[PDB]
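There is one chain below, alone, in structure tokens, taken in the form solved without this ligand.
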């Protein structure tokens, strides 16, 4: 099976777009690929934050990924800082990364924020990764990882796999509620544009009620991204939740107003989130289970990472550690 690597930020407030898009896509491919999920706490600290909140956010993220369907017996899930090899390879790869390559990435800035693309390269290359599902903002970072890998391989032989982007997109379409021309993003400052995965039925109703529609007369529930972006977004959200096709929903809402659509979307989404939240709280409140998942995952990750790091260290010429 090809090896797939994904970094999970312990701070990202995930949305229904993240879930019904990429995450649900990947949950159903855990037997097709050897999937690795790395909770990237070492990347998180490039932005200063409260220590207690970071610890909590790491465990929140773990429980949420488990709740979404990431299975720790099928896939490898672990906390980045638990595997020393990440930092070790990161330092080594700094020495095969041009300063220029980092300065070109798209004085009071901390060095972690400057240097984290090299750590990301190490994160990926440690596991002989074949595929990396990246968003547009991470394309440059992936390209650097490929250039580092090829550069190192040209000097020392085929030590790393050259990773590839995972090209196919999920197919689910979730746009911002007050700005339906742009994608619903977990990075949005305006939280009224998004539905978070831990929101209750009342919060979801409130946000869907506010969602931008059009001034068509009569109001008509039809799919048209150009002229009816808001109504189309509501249809896409509903279709993604229920599995009903757009033409099926258009027929279902024949002669109905936008109030009735919004009510059905709210109910459908909250139906989905209530089951996700049950699983989340069950996992999140079981400290023993989470500790076992992290220990097992770090052990699996470490076994693989140590093999790659040993090959790297031998290639570079370091005197082998005496155990």
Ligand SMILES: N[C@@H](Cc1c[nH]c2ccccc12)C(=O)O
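Just so we're on the same page, rigid core means the largest C-alpha set that superposes within 1.5 Å between forms. Positions refer to the first chain, counted from 1.
- Root mean square Cα distance to the shown form, taken over structures and residues in 8 other deposited structures of this protein after a core fit, is higher for 23-31 when 23-31 and 36-44 are compared.
- Comparing 147-155 with 241-249 by root mean square Cα distance to the shown form in 8 other deposited structures of this protein, with the rigid core used for the fit, gives 241-249 as the more displaced stretch.
- The deposited sequence places no unmodelled residues between residue 226 and residue 227, so the chain runs continuously there.
- Comparing 47-55 with 32-40, the higher mean C-alpha B-factor in the PDB entry belongs to 47-55.
- The PDB entry reports B-factors from which the mean C-alpha value can be compared for 7-15 and 305-313; the larger average falls on 7-15.
- Comparing the C-alpha B-factors of 217, 73, 164, 123 in the entry, the top value falls on 73.
- Highest C-alpha temperature factor among 109, 95, 77, 234 per the entry: 109.
- In the PDB entry, residue 253 places in the highest third of its chain by CA B-factor.
- When the modelled residues of the chain are ordered by C-alpha B-factor, residue 181 sits in the highest third.
- Compared with the other modelled residues of the chain, the Cα B-factor recorded for residue 203 ranks in the highest third.
- Per the deposited record, the Cα B-factor of residue 60 falls in the lowest third when ranked against the other modelled residues of its chain.
- Ranked by Cα temperature factor within the chain, residue 272 sits in the highest third according to the deposited record.
From this point on, the text means the form solved in complex with this ligand, which you will not see here.
- Counting ligand atoms within 2.4 Å of backbone or C-beta atoms, the overlay of this ligand from its pose in the entry with it bound onto the shown chain yields zero, and the pocket is open.
- Contact with this ligand in the entry with it bound, judged as any non-hydrogen atom within 4.5 angstroms, is confined among 124-132, 156-164, 222-230, 244-252 to 124-132.
- Checked against this ligand in the entry with it bound, the residues 81, 203, 192, 138 give one hit for a heavy atom within 4.5 Å, which is 138.
- A single residue from the set 197, 120, 208, 240 has any heavy atom within 4.5 angstroms of this ligand in the entry with it bound; that residue is 120.
- Residue contact with this ligand in the entry with it bound: residue 43 places a heavy atom within 4.5 Å of it.
- Heavy atoms of residue 9 reach within 4.5 Å of this ligand in the entry with it bound, making it an interface residue.
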